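>>> first chunk of the complex, coordinates as they sit in the assembly:
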Amino acid sequence: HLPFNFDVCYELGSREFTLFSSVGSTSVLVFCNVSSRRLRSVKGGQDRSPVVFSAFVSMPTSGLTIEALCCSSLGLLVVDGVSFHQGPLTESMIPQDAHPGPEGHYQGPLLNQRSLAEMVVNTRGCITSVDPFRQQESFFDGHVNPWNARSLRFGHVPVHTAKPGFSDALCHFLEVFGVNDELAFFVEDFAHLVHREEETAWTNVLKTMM
Amino acid sequence: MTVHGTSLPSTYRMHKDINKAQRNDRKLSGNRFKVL
Amino acid sequence: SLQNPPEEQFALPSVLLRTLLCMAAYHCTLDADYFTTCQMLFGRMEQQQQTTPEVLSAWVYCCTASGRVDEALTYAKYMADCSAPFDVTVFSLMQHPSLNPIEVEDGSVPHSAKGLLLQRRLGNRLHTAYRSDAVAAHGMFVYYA
Amino acid sequence: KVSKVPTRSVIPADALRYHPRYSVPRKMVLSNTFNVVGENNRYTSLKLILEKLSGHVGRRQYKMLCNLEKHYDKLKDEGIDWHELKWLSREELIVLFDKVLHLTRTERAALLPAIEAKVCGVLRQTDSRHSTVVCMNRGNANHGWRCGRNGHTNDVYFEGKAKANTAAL
Amino acid sequence: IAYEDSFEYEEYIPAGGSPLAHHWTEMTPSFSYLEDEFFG
């Protein structure tokens, strides 16, 4: 299964794959960083990090570029944050090859209360220790160090959690550009494919070394 | 209902609702290692 | 003993904060060295209560009665840039360098209420065509006179 | 002689839980209505999980903005249970969320942490006769998404009671 | 020096572990850099 017009860009050795599209003058770009620790199952039932990615939809008619922090759960799609950037899709904005995008900008309000909904089911978040310097041993890693993760708002919880009637129209506004749950069902399945191909390559490299 | 204004089935239901947060919220998972 | 939500419990009325600073500003007329404690008082009222045009106009009168001529007008210019109207109650009390405002609201002075009403009405007049820094600077000229 | 206090190097975090007598709390058995799993008893685990997803969360009591309790009555007249909701696939949930439930994008975003974990709808024992505690452990497909621990085995709707007996319901 | 001849055993301060932050010896405010100007 695959969406209508989306090319996949994945090289072996890096835990990253990027999806690109272009309809008219607008271009929508989806980047994902597959976790090395552990990823959740597609069945869901039975450290178990969710598959969270980004969506950069650029529109030159508006003059802004929309960054959409998306989390794929059970093949479906939720969106945690929407921020706006100046100009079209420059190369520095995408977090490929461990250089981040624009930093020191407003991340955006909470569109949904998903992270607080994981607290009642006792699912462990990405923040395992409250000490920020304890998790700064593995710096420049979004999964192990949430205090410098762009996708996790650098550990900050915003003031405003947006209105349900308002945030429903924002989800429908992005789903016409190809950020629907059909895209997240492929990203959920391709992340399990990258996670196995990275592990069997790292193992067979380790076999010839010793 | 005359003196106190409530009934004992209605007393037990409101007693369980005035403290719902401090009764049970988490599972308290994890492991604690000795530091000394 | 009765605890409201803390956004409604710890919020004093603005007439009380106006009267508390106007008691302190009347004490600044008798002794100008009281301003250092009023600066520590306003440093806590700004962070605990709400920054209203009533509490800012009383603080201009607190800075005026201490003899601070620069920062009193500069606080009034900040209210004009924030589109905040100057309080006509403290404008009548700025042009009256007597009448400690606890016994003004009590009614201990039966006379001079026509004078109290005249300064409130010209303060209503001066705000219609000018800003808040022009109303406050008129009150500081009469107070020092 | 000065005897040492018996401690452990590795102790789980739930052992620090407080009891007013520093002892094990009482395990009171459930009511007689939970003896046979019927249509009145099927959706009481679905009732409580939708209550916790709409109430205040945490030590600061953050109110959940979306109310998921309005979708409880339209869930039970269909006959779909919380245990039946875990058996629904991804294709069957999109049919349920758009057509039947009419779940919005923010209400589906708050219910999905309860579905992605496969939380078992088993009424745990408490010190009271009226229990509002569900086992929040993640379920496994070998034991029917019942998490397989503390006797929650493949048909157990309530702790301390009998099985489902799905031939009747 | 042994434990039984120590200052901590003269009071009821324990030998090792967390310091008693609400004890009166820990609540004594210390200024050791100024005692050469006072008691000299």
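Structure received. Numbering: from 1, shown residues only, chains lettered A, B, ... in the order given.
>>> does residue C:75 count as helix, strand or coil?
Secondary structure, DSSP: H, G, I helix; E, B strand; the rest coil: residue C:75 is helix.
>>> can you list contacts of the helix or strand where residue C:46 lies?
Take DSSP states H and E as the rule and residue C:46 turns out to sit in helix C:35-48. Applying Cβ atoms under 8 Å, 6 or more residues apart in numbering or on different chains, the contact partners of helix C:35-48 are C:10, C:17, C:21, C:24, C:25, C:28, C:55, C:59, C:62, C:63, C:66, C:68. (Each C-beta comes from the backbone N, C-alpha and C, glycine too.)
>>> how about that helix: buried residues?
Across helix C:35-48, burial judged by 16 or more other Cβ atoms under 10 Å in any protein chain shown covers C:35, C:38, C:41, C:42, C:45.
>>> which residue sits closest to residue A:109, ignoring its sequence neighbours?
With Cβ to Cβ, 6 or more residues apart in numbering or on different chains as the criterion, residue A:109 has its nearest non-adjacent residue at 3.9 Å, and that residue is residue A:160.
>>> picking up where we left off before, out of the contacts of helix C:35-48, which sit inside strands?
Members of those lying in strands (criterion: DSSP state E): none.
>>> hang on, residue A:69 packs against residue A:77?
No: with contact defined as Cβ atoms under 8 Å, residue A:69 does not count as touching residue A:77 (11.3 Å).
>>> Now do the contacts for the residue of chain E at minimum distance from chain B.
The nearest approach of chain E to chain B comes at residue E:17, 7.9 Å away (Cβ to the nearest Cβ). For residue E:17, the contacting residues are residue B:36, by Cβ under 8 Å, 6+ apart.
>>> do the same with residue A:170
Contacts of residue A:170 were listed using Cβ under 8 Å, 6+ apart, and they are A:79, A:82, A:111, A:162.
>>> The spatially closest residue to the third one that is not a sequence neighbour: what's it in contact with?
Spatial nearest neighbour of residue A:111, excluding adjacent residues (Cβ to Cβ, 6+ apart): residue A:167 at 4.5 Å. By Cβ under 8 Å, 6+ apart, the contact set of residue A:167 is A:111, A:112, D:105, D:106.
>>> Ok, residue A:132 next?
Counting by Cβ under 8 Å, 6+ apart, residue A:132 touches A:147, A:155.
>>> In terms of helix, strand or coil, where does it fall?
coil.
>>> again with residue A:82
strand.
>>> Might you report the residue contacts of it?
Contacts of residue A:82 by Cβ under 8 Å, 6+ apart are A:66, A:67, A:68, A:69, A:108, A:111, A:170, A:174.
>>> here's chain F, drop it on:
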Amino acid sequence: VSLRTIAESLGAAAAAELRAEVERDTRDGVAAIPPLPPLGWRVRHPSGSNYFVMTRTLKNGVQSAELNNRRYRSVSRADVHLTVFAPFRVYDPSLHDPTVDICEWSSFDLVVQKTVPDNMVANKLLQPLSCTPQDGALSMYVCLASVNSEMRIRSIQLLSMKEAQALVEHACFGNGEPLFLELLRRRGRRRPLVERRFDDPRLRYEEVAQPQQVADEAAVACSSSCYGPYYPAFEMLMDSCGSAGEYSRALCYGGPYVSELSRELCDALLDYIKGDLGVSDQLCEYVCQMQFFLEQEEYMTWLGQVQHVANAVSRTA
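So, slotting chain F in with the rest:
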């Protein structure tokens, strides 16, 4: 056809959310007044940003502070330059771990630098001063935190041009750090963002470009200093906004554990920052207020950008 009614539904909702947002903070026509900073502090907030910086210059040393000047009436040294970086990073750690009794944890950084003027006469060359940009450019990076409206120190770092020269040349045996050299290889400048001036009211109309003057006062002094080519490595070392500056300050010592220090040292360091340096709990309570107010200000600009995007889609579709 269906893309027009979706983009017009979002543009009508974003116009209604911004109308209902300004209606909440409006008090009888008057908009929400921002919280007042302490005396001498000039807050600069870039529009569309996650941070705001405030500056403070104590002439003739620390004896010109607020606490050292108040006395009872009716009965030279080098100047100190302060800079408080305050990002929007504030979170509650009692949700992830309920054993911690913390309602609010907000982090903000403080950079204090010193500069020798030509007016001091007493202590000219008795000892060569290492705080000067000519000699080492020593600066103290005190990372602070506001833990339930209470200022707690996280780390006290002492960084000079030597630590930027060591990390770029001989941090390893014969080379620098392979990651610190790589982060200096990718340093693209940010586009100029229009800053907003929420300064102290007494210094709001005195002089406007004074923190801009004092920023280039040390910048021309350190690039033309005894340490010449190591200033691009030092500016990224002193870069308080981003992950490359936090990793570069992590390569340095970072100071000792403050709770492992002596209690006489902890009270004297708190007496220096709050009492002598002027960075007090009045400022520490103000930073969390200014982090809250400018989050509200950036939410309205976020609501204006939802309306600006959604109206631009429907007029073309």
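>>> Go back to the buried residues of helix C:35-48, now with chain F?
C:35, C:36, C:38, C:39, C:41, C:42, C:43, C:45, C:46, C:47.
>>> now stretch C:100-111
C:101, C:104.
>>> quick revisit: kindly identify which of the buried residues of helix C:35-48 also come near chain F.
C:36, C:43, C:46, C:47 (Cβ under 8 Å from any Cβ of the partner chain).
>>> Save the buried residues of helix C:35-48 as JSON lines, and put in distance to residue F:309 too.
Output for the buried residues of helix C:35-48, formatted as JSON lines (distance: Cβ to Cβ, whole Å):
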{"residue": "C:35", "distance to residue F:309": "51"}
{"residue": "C:36", "distance to residue F:309": "52"}
{"residue": "C:38", "distance to residue F:309": "49"}
{"residue": "C:39", "distance to residue F:309": "47"}
{"residue": "C:41", "distance to residue F:309": "47"}
{"residue": "C:42", "distance to residue F:309": "43"}
{"residue": "C:43", "distance to residue F:309": "42"}
{"residue": "C:45", "distance to residue F:309": "42"}
{"residue": "C:46", "distance to residue F:309": "38"}
{"residue": "C:47", "distance to residue F:309": "37"}
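>>> distance of residue F:265 from residue E:30?
11 Å (Cβ to Cβ, to the nearest Å).
>>> Mind listing the shared neighbours of those two?
Counting by Cβ under 8 Å, 6+ apart, nothing touches both residue F:265 and residue E:30.
>>> all strands for chain A, in order.
Using DSSP E, strands in chain A cover A:7-9, A:16-23, A:26-33, A:51-59, A:64-73, A:76-86.
>>> If you could redo that for the stretch 1-150 of chain F, that was the one I meant.
Secondary structure of the stretch 1-150 of chain F by DSSP state E, counting those that start in this stretch: the strands cover F:42-46, F:51-58, F:79-87, F:90-91, F:105-115, F:139-147.
>>> Tell me which residue in chain E sits closest to chain D.
residue E:15 (10.4 Å).
>>> Ok, chain C next?
In chain C, the residue that lies nearest chain D is residue C:5 (11.5 Å; Cβ to the nearest Cβ).
>>> can you check the stretch 101-250 of chain F too?
For the stretch 101-250 of chain F, Cβ to the nearest Cβ, closest residue to chain D: residue F:103, 6.7 Å.
>>> swap in chain A?
residue A:45 (3.2 Å).
>>> Give me the spatial nearest neighbour of that residue, chain neighbours excluded.
Leaving aside its sequence neighbours, residue A:45 sits nearest to residue D:118 (Cβ to Cβ, 6+ apart; 3.2 Å).
>>> if I look at the one you found, how far off is residue B:28?
In this view, residue D:118 and residue B:28 are 21 Å apart by Cβ to Cβ.
>>> centroid residue for chain C?
Of all residues in chain C, the one closest to the mean position by Cα atoms, centre = their mean is residue C:58, 1.8 Å from it.
>>> sequence below should go in as chain G:
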Amino acid sequence: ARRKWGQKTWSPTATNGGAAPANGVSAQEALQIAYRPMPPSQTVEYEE
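Same chains as before, plus chain G:
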């Protein structure tokens, strides 16, 4: 000096009533307790 969590330095006793002599304290011993080493930049001293 710097302290460590869980490790304390044992120190000898002066053998004068402990830290606080419950039997009593003389004048010249309490004279040093009177003029306690406070920082004099923020300390006001007064006698009548």
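>>> back to the contacts of residue E:17, now that we've got chain G?
Counting by Cβ under 8 Å, 6+ apart, residue E:17 touches B:36, G:6.
>>> what's it sitting at in phi/psi?
Backbone torsions for residue E:17, taken as degrees, to the nearest 10, come to phi 130, psi -150.
>>> mind listing what's buried in stretch D:78-93?
Buried residues in stretch D:78-93 (16+ other Cβ under 10 Å): D:80, D:81, D:82, D:83, D:85, D:86, D:90, D:93.
>>> residue ranges of the strands in chain D, please?
Here chain D has its strands, by DSSP E, at D:10-12, D:56-57, D:62-63.
>>> Let me have those strands in JSON lines, adding mean neighbour count and distance to residue F:254 as columns.
Shown next, in JSON lines, are those (neighbours: other Cβ atoms under 10 Å in any protein chain shown; distance: least, Cβ to Cβ, whole Å):
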{"stretch": "strand D:10-12", "mean neighbour count": "11", "distance to residue F:254": "30"}
{"stretch": "strand D:56-57", "mean neighbour count": "18", "distance to residue F:254": "35"}
{"stretch": "strand D:62-63", "mean neighbour count": "14", "distance to residue F:254": "34"}
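>>> Export those strands to CSV and append columns for distance to residue D:144.
Shown next, in CSV, are the strands of chain D (distance: least, Cβ to Cβ, whole Å):
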stretch, distance to residue D:144
strand D:10-12, 26
strand D:56-57, 28
strand D:62-63, 33
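>>> where exactly do the helices run in the chain?
Going with chain A. Under the criterion DSSP state H, chain A carries helices at the ranges A:164-175, A:181-209.
>>> meant chain E actually
Ranges of helices in chain E, per DSSP H, are E:7-10, E:35-38.
>>> Can you say which of the ones you listed is packed in most?
helix E:7-10 (a mean of 16; mean count of other Cβ atoms under 10 Å in any protein chain shown).
>>> so how far is that helix off the chain centroid?
Averaging C-alpha positions (Cα atoms, centre = their mean, to the nearest Å) puts helix E:7-10 9 Å from its chain's average.
>>> Show me the contact partners of that helix.
By Cβ under 8 Å, 6+ apart, the residues outside helix E:7-10 that reach it are E:3, E:13, E:14, E:15, G:8, G:10, G:11, G:12, G:13, G:14, G:18, G:19.
>>> Please check those and keep the buried ones.
E:13, G:8.
>>> Max pairwise distance over the contacts of helix E:7-10: which two?
Within the contacts of helix E:7-10, E:14 and G:14 form the most distant pair, 20.4 Å apart (Cβ to Cβ).
>>> residues contacting the closest residue to the residue nearest to the centre of chain C other than its chain neighbours?
Distances taken as Cβ to Cβ, 6+ apart put residue C:21 closest to residue C:58, at 3.7 Å, once the chain neighbours are dropped. Taking Cβ under 8 Å, 6+ apart, we find residue C:21 in contact with C:38, C:41, C:42, C:45, C:55, C:58, C:59, C:61, C:62.
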